[PDB]
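Q: Below is one structure. I have some questions about it.
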Amino acid sequence: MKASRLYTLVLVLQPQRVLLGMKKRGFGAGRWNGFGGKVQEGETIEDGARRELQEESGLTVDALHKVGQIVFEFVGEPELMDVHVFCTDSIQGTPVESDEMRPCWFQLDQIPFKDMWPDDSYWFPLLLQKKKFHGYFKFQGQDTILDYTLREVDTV
Ligand SMILES: Nc1nc2c([nH]c(=O)n2[C@H]2C[C@H](O)[C@@H](COP(=O)(O)OP(=O)(O)OP(=O)(O)O)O2)c(=O)[nH]1
Ligand code: NA
Ligand code: NA
């Protein structure tokens with residue numbers, strides 16, 4: 001069996017738009033995404049998600065809601081990425097560019113799927129329907145999915 005490392009992913013989803021950030025360097029650079037990163041020792045997953053949102057987008061929220069979990073496996077990488085996905089609709093400041101991310105709002109009929117991780121085409125629609133989900137995706141490199149599972153769940 002493989003070990004996994006905890007990561008977070010945060011989507012600010014409002015009734016007509018979603019906040020994404022263009023990843024400027026590092027993992028997933030060049031793709032629009034939610035905000036997030038590695039959970040640190042001692043913090044809850046939700047608190048790590050709140051922290052990453054603030055660090056990468058400038059937004060401070062008091063509460064996030066867990067909407068899904070996605071496990072990523074890469075060919076040649078023994079460690080799995082266990083990504084805990086959170087949403088909120090409620091913000092009260094403006095996003096600001098960070099070293100990691102350039103935030104930008106997208107209308108919900110203009111989700112930039114071609115410039116997002118390929119797996120997002122499968123699970124993001126569930127997030128938009130306010131459904132909860134568990135997923136797993138195995139990648140060869142950055143572009144090619146070799147195997148995946150996706151299921152709606154009632155509890156994440
Ligand atoms: N939408 C989407 N997000 C993904 C996928 N794979 C994946 O790791 N993520 C998310 C989880 C995290 O938010 C981010 C990966 O973490 P990261 O490398 O940015 O972590 P970090 O901020 O701690 O890294 P760093 O600043 O130290 O370089 O990308 C995917 O296929 N789709
Ligand atoms: Na980060
Ligand atoms: Na990050």
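Identifiers in the structure tokens: chain A, B, ... in order shown; residue index from 1 per chain; ligand index from 1 in order shown.
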Could you please write out, as JSON, numbers by chain, every residue of range 74-156 of chain A that DSSP assigns to helix (DSSP H, G or I)?
A: {"A": [113, 114, 115, 120, 121, 122, 123, 124, 125, 126, 127, 128]}
Q: Could the residues in this selection be saved with N, CA, C and O atoms as a CSV table (one decimal), in the first residue's frame?
A:
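Below you can see part-v7.csv, which holds the result:
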```csv
chain,number,residue,atom,x,y,z
A,113,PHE,N,-12.1,25.0,-18.3
A,113,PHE,CA,-11.7,23.6,-18.2
A,113,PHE,C,-10.4,23.2,-19.0
A,113,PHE,O,-9.6,22.4,-18.6
A,114,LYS,N,-10.2,23.8,-20.2
A,114,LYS,CA,-9.1,23.4,-21.0
A,114,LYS,C,-7.8,23.8,-20.4
A,114,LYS,O,-6.7,23.3,-20.7
A,115,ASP,N,-7.8,24.8,-19.5
A,115,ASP,CA,-6.7,25.3,-18.8
A,115,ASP,C,-6.7,25.0,-17.3
A,115,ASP,O,-6.0,25.7,-16.5
A,120,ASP,N,-10.4,17.8,-13.4
A,120,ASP,CA,-11.4,18.8,-12.9
A,120,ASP,C,-12.7,18.7,-13.8
A,120,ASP,O,-13.8,19.0,-13.3
A,121,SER,N,-12.6,18.4,-15.0
A,121,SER,CA,-13.7,18.2,-15.9
A,121,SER,C,-14.7,17.2,-15.3
A,121,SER,O,-15.9,17.3,-15.5
A,122,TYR,N,-14.2,16.2,-14.6
A,122,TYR,CA,-15.1,15.2,-14.0
A,122,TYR,C,-15.8,15.6,-12.7
A,122,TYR,O,-17.0,15.4,-12.5
A,123,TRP,N,-15.0,16.2,-11.7
A,123,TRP,CA,-15.5,16.4,-10.4
A,123,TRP,C,-16.1,17.8,-10.3
A,123,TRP,O,-17.0,18.0,-9.5
A,124,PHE,N,-15.5,18.8,-11.0
A,124,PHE,CA,-16.0,20.2,-10.8
A,124,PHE,C,-17.5,20.3,-11.1
A,124,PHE,O,-18.2,21.0,-10.3
A,125,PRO,N,-18.1,19.6,-12.0
A,125,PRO,CA,-19.6,19.7,-12.2
A,125,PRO,C,-20.3,19.3,-11.0
A,125,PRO,O,-21.4,19.8,-10.7
A,126,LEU,N,-19.8,18.3,-10.2
A,126,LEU,CA,-20.5,17.9,-9.0
A,126,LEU,C,-20.4,19.0,-8.0
A,126,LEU,O,-21.4,19.3,-7.3
A,127,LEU,N,-19.2,19.6,-7.8
A,127,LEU,CA,-19.1,20.8,-7.0
A,127,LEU,C,-20.1,21.9,-7.4
A,127,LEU,O,-20.8,22.5,-6.5
A,128,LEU,N,-20.3,22.1,-8.6
A,128,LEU,CA,-21.3,23.1,-9.1
A,128,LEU,C,-22.7,22.8,-8.7
A,128,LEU,O,-23.5,23.7,-8.5
```
Q: Using only C-alpha atoms and all ligand atoms, which protein or nucleic acid residues are at most 10 Å from ligand 3, as a list in words?
A: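 Residues satisfying the distance criterion: residues 7, 8, 9, 23, 24, 25, 26, 27, 28, 29, 33, 34, 35, 36, 37, 38, 52, 53, 55, 56, 99, 100 and 101 of chain A.
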Q: Between A:111, A:152, A:72, A:89, which is the closest to residue 136 in chain A once you count only C-alpha atoms?
A: A:72
Q: Pick out each residue of chain A that DSSP on the backbone tags as strand (DSSP E or B); I need them as number ranges by chain.
A: A: 4-13, 17-23, 32-33, 35, 38, 65-74, 80-88, 101-107, 132-140, 144-153
Q: Taking 3 positions as the minimum chain separation for residues in the same chain, which residues sit within 9 Å of residue 46 in chain A when counting only C-alpha atoms? Answer as a PDB file with N, CA, C and O atoms, in the first residue's frame.
A:
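File written: result14.pdb
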```pdb
ATOM      1  N   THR A   8      -4.880  20.649   0.669  1.00  0.00           N
ATOM      2  CA  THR A   8      -6.189  21.273   0.620  1.00  0.00           C
ATOM      3  C   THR A   8      -6.401  21.931  -0.737  1.00  0.00           C
ATOM      4  O   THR A   8      -5.455  22.252  -1.465  1.00  0.00           O
ATOM      5  N   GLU A  43      -2.238  21.646  12.590  1.00  0.00           N
ATOM      6  CA  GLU A  43      -3.455  22.339  12.185  1.00  0.00           C
ATOM      7  C   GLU A  43      -4.466  21.326  11.664  1.00  0.00           C
ATOM      8  O   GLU A  43      -4.106  20.287  11.104  1.00  0.00           O
ATOM      9  N   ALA A  49      -6.743  24.708   5.133  1.00  0.00           N
ATOM     10  CA  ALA A  49      -7.411  25.247   3.953  1.00  0.00           C
ATOM     11  C   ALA A  49      -7.637  26.747   4.093  1.00  0.00           C
ATOM     12  O   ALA A  49      -7.391  27.508   3.148  1.00  0.00           O
ATOM     13  N   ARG A  50      -8.103  27.188   5.265  1.00  0.00           N
ATOM     14  CA  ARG A  50      -8.281  28.614   5.514  1.00  0.00           C
ATOM     15  C   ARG A  50      -6.960  29.358   5.393  1.00  0.00           C
ATOM     16  O   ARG A  50      -6.903  30.451   4.823  1.00  0.00           O
ATOM     17  N   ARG A  51      -5.890  28.788   5.958  1.00  0.00           N
ATOM     18  CA  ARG A  51      -4.573  29.405   5.868  1.00  0.00           C
ATOM     19  C   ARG A  51      -4.120  29.556   4.423  1.00  0.00           C
ATOM     20  O   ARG A  51      -3.630  30.618   4.025  1.00  0.00           O
ATOM     21  N   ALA A  63     -14.990  30.286   8.033  1.00  0.00           N
ATOM     22  CA  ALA A  63     -15.491  28.928   7.938  1.00  0.00           C
ATOM     23  C   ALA A  63     -15.451  28.462   6.492  1.00  0.00           C
ATOM     24  O   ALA A  63     -15.723  29.225   5.560  1.00  0.00           O
ATOM     25  N   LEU A  64     -15.111  27.200   6.322  1.00  0.00           N
ATOM     26  CA  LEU A  64     -15.188  26.543   5.033  1.00  0.00           C
ATOM     27  C   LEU A  64     -16.034  25.292   5.194  1.00  0.00           C
ATOM     28  O   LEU A  64     -16.187  24.761   6.291  1.00  0.00           O
ATOM     29  N   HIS A  65     -16.576  24.808   4.094  1.00  0.00           N
ATOM     30  CA  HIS A  65     -17.383  23.598   4.108  1.00  0.00           C
ATOM     31  C   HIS A  65     -16.726  22.558   3.232  1.00  0.00           C
ATOM     32  O   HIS A  65     -16.378  22.833   2.084  1.00  0.00           O
ATOM     33  N   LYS A  66     -16.527  21.371   3.785  1.00  0.00           N
ATOM     34  CA  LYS A  66     -15.899  20.305   3.021  1.00  0.00           C
ATOM     35  C   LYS A  66     -16.888  19.732   2.015  1.00  0.00           C
ATOM     36  O   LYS A  66     -18.008  19.362   2.371  1.00  0.00           O
ATOM     37  N   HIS A  84      -8.174  17.441   0.089  1.00  0.00           N
ATOM     38  CA  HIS A  84      -9.450  17.718   0.727  1.00  0.00           C
ATOM     39  C   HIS A  84      -9.973  19.034   0.198  1.00  0.00           C
ATOM     40  O   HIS A  84      -9.278  20.056   0.276  1.00  0.00           O
ATOM     41  N   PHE A  86     -12.699  22.107  -0.277  1.00  0.00           N
ATOM     42  CA  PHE A  86     -13.603  22.938   0.501  1.00  0.00           C
ATOM     43  C   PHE A  86     -14.177  24.044  -0.363  1.00  0.00           C
ATOM     44  O   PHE A  86     -13.564  24.478  -1.343  1.00  0.00           O
TER      45      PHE A  86
END
```
Q: Could you please determine the separation between atom 7 (C, counted along the ligand's line) of ligand 1 and CA of residue 142 in chain A in Å, to one decimal place?
A: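 Here the two named atoms are 10.3 Å from each other.
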Q: With distances taken over only C-alpha atoms, which residue among A:75, A:6, A:39, A:12 lies nearest residue 92 in chain A?
A: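 Under the stated criterion, the closest residue is A:12.
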Q: May I have the residues within 12 Å of residue 107 in chain A as a CSV table (one decimal) with N, CA, C and O atoms, in the first residue's frame, using only C-alpha atoms and disregarding those fewer than 2 positions away in the same chain?
A:
```
chain,number,residue,atom,x,y,z
A,13,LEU,N,-17.1,29.8,-4.4
A,13,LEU,CA,-18.1,29.5,-5.3
A,13,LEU,C,-19.3,30.4,-4.9
A,13,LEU,O,-20.0,30.1,-3.9
A,14,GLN,N,-19.6,31.4,-5.7
A,14,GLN,CA,-20.8,32.3,-5.5
A,14,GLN,C,-21.9,31.9,-6.5
A,14,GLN,O,-21.7,31.0,-7.3
A,15,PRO,N,-23.1,32.6,-6.5
A,15,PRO,CA,-24.2,32.1,-7.3
A,15,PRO,C,-23.9,32.2,-8.8
A,15,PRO,O,-24.5,31.4,-9.6
A,16,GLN,N,-23.1,33.1,-9.3
A,16,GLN,CA,-22.8,33.2,-10.7
A,16,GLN,C,-21.4,33.2,-11.1
A,16,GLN,O,-21.1,33.4,-12.3
A,17,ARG,N,-20.5,33.0,-10.2
A,17,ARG,CA,-19.1,33.0,-10.5
A,17,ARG,C,-18.3,32.2,-9.5
A,17,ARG,O,-18.7,31.9,-8.4
A,18,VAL,N,-17.1,31.9,-9.9
A,18,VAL,CA,-16.1,31.1,-9.1
A,18,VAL,C,-14.8,31.8,-9.2
A,18,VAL,O,-14.4,32.3,-10.2
A,19,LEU,N,-14.1,31.9,-8.0
A,19,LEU,CA,-12.7,32.4,-8.0
A,19,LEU,C,-11.7,31.3,-8.3
A,19,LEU,O,-11.7,30.3,-7.6
A,20,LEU,N,-10.9,31.5,-9.3
A,20,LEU,CA,-9.8,30.6,-9.5
A,20,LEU,C,-8.5,31.5,-9.5
A,20,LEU,O,-8.5,32.7,-9.4
A,104,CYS,N,-8.5,35.3,-10.3
A,104,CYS,CA,-9.5,35.8,-11.3
A,104,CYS,C,-10.8,35.2,-11.2
A,104,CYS,O,-10.9,34.0,-11.0
A,105,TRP,N,-11.9,36.0,-11.3
A,105,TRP,CA,-13.2,35.4,-11.3
A,105,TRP,C,-13.6,34.9,-12.6
A,105,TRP,O,-13.3,35.5,-13.7
A,109,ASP,N,-20.7,30.0,-16.7
A,109,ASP,CA,-20.8,29.4,-18.0
A,109,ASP,C,-19.5,29.6,-18.8
A,109,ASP,O,-19.4,29.4,-20.0
A,110,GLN,N,-18.4,29.9,-18.1
A,110,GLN,CA,-17.1,30.1,-18.7
A,110,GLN,C,-16.0,29.5,-17.8
A,110,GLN,O,-14.9,30.0,-17.6
A,111,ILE,N,-16.3,28.3,-17.2
A,111,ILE,CA,-15.3,27.6,-16.4
A,111,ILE,C,-14.1,27.2,-17.3
A,111,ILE,O,-14.4,26.5,-18.4
A,112,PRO,N,-12.9,27.5,-17.1
A,112,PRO,CA,-11.8,27.4,-18.1
A,112,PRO,C,-11.2,26.0,-18.1
A,112,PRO,O,-10.0,25.8,-17.9
A,128,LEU,N,-20.3,22.1,-8.6
A,128,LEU,CA,-21.3,23.1,-9.1
A,128,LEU,C,-22.7,22.8,-8.7
A,128,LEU,O,-23.5,23.7,-8.5
```
Q: Near residue 1 in chain A, within 12 Å and counting only C-alpha atoms, which residues show up once chain neighbours fewer than 5 positions away are dropped, as a ChimeraX atom specification?
A: /A:78-80
Q: Between A:67, A:3, A:108, A:59, which is the closest to residue 94 in chain A once you count only C-alpha atoms?
A: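 When distances to residue 94 in chain A are compared using only C-alpha atoms, the smallest one comes from A:59.
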Q: Just how far from CA of residue 68 in chain A is CA of residue 131 in chain A, in Å to one decimal?
A: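 It comes out at 8.5 Å.
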Q: So that I can see what lies close to residue 62 in chain A, please list as JSON, numbers by chain the residues with an atom at most 10 Å from it, counting only C-alpha atoms and leaving out residues fewer than 5 positions away in the same chain.
A: {"A": [47, 50, 88, 90, 91]}
Q: Can you write just those residues out, C-alpha atoms, as an mmCIF file, in the first residue's frame?
A:
```cif
data_model
loop_
_atom_site.group_PDB
_atom_site.id
_atom_site.type_symbol
_atom_site.label_atom_id
_atom_site.label_comp_id
_atom_site.auth_asym_id
_atom_site.auth_seq_id
_atom_site.Cartn_x
_atom_site.Cartn_y
_atom_site.Cartn_z
ATOM 1 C CA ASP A 47 -7.619 25.374 9.261
ATOM 2 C CA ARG A 50 -8.281 28.614 5.514
ATOM 3 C CA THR A 88 -17.472 28.782 0.666
ATOM 4 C CA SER A 90 -19.108 33.961 1.751
ATOM 5 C CA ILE A 91 -16.192 36.382 1.503
#
```
Q: Quick one: pull the distance between atom 28 (O, counted along the ligand's line) of ligand 1 and CA of residue 71 in chain A, Å, one decimal.
A: 18.2 Å
Q: Measuring between only C-alpha atoms, which one of A:146, A:87, A:70, A:22 shows the shortest distance to residue 5 in chain A?
A: A:70
